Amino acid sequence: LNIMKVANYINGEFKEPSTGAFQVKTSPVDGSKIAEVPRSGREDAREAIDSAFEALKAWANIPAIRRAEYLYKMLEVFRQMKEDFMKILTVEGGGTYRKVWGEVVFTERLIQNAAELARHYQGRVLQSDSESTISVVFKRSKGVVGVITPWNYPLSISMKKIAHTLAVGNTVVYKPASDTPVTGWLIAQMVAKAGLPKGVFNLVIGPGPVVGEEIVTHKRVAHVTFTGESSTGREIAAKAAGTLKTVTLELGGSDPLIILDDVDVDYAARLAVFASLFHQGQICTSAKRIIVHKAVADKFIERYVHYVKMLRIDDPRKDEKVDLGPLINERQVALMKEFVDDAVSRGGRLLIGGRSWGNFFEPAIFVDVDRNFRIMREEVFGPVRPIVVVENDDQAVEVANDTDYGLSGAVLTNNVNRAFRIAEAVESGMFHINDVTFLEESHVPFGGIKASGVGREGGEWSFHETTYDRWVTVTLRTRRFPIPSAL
């Protein structure tokens, strides 16, 4: 960064936006300058899309093993760049050492996963109901894929989409979140060093409503995979319809963490603190609504607050043991203030926390909450967390399902019957028994239901999203036809 300018990566070349316009990226930690970055426009997006389109047929037609080879090369370059990624995830994104280390380790597994699976994505040989007929189904890549990503886990979320989409023979136009441009540029550095053919991967840094919208509305883009807010997702889905492009949407969550009366209460509290407050609660599968059985509610709350008190908030560059960094910007702090203020004025009891300074915001924990609190009705993408007390499992489920979202969820209990009945009844795309709500592996179907979006990503589920089935037959006998009937 001290020797290179941040730039777009289009058709194998690093370069400025056509207008030359730029923005200054600052750190959420202390407001210091990180870099000037492109402020691209529609012409830049169009150039990337055309580059991706022109590269597509050669990239889709080579054998899978050759695409796997490029991905293994990418993996090798990533391993060399780990420290650079960690550094930027911390200073640009505000992530602690432990968070960004976790993100980089997972990203390494994601890239490897995509490389591993490329050669093995199979179609099907079918039984034909007709005689003398061969009937099979091939897998084909969709084409040019737009990749639009958020700021909270910008590396791992970007690379899950990019690596798997590339593995099955799509080409890519990537637009990172405006708050995390340097992470996207480092990804382009990685891809360039790995030597992928020009145009196969393109980076365009610029405003969502401009560059993103051009990607979503362009006729040469076949598919858009998007992670962000539910409202943005709805807009993208609607704009995508104009050219009938398919979409993958992961739109956040208000995941329930349900704690029953038979748990190890102290472990439950330790687990709950991690699940609800890691990365300052800025995780789509954060445990955003904690739901506790009344028989252990008092000890659980005391214990949860006890460990929350221990959380160390600081400049995440200071050392490896900082627990929480800042939120990404001042808008998030203002929003978390609204959440706290709304809860207090509604009669909610603030057990602990509530202070903020600059972009830093302390955990703010509430009890005595009801369903009309904003922190029960909206995704709270920050460290404000309600605890709800319930009398039985039926109530646990009612509260857990009383949300527009449906991403993940978890139950803690040692009873196999209660665990399975609750897992079945909770309306979520993912569910975890005796673990955190944000469990994620590189090759499992990650995604939600209801307002949390559509589709699944991870391993072959990513492949399902960015390929199509192609039924092909061969008929080995001639036959007579019904018209003209006179014959």
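Numbering starts at 1 and follows the sequence shown.
Taking the mean C-alpha B-factor of each stretch as recorded, 172-180 and 315-323 are not equal, and the higher mean is that of 315-323. Looking at mean Cα B-factors across 235-243 and 117-125, the upper value is held by 235-243. Highest C-alpha temperature factor among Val416, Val145, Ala167, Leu155 per the entry: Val416. Out of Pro363, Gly95, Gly195, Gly199, it is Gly195 whose C-alpha atom has the highest B-factor in the PDB entry. The entry lists a Cα temperature factor for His218 that places it in the middle third of the chain's modelled residues. The entry lists a Cα temperature factor for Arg67 that places it in the middle third of the chain's modelled residues. Per the PDB record, residue ranking by Cα B-factor puts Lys160 in the lowest third of the chain. Placement of the Cα temperature factor of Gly31 within the chain: highest third of the modelled residues, per the deposited record.
Among all modelled residues in its chain, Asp50 ranks in the middle third by Cα B-factor.
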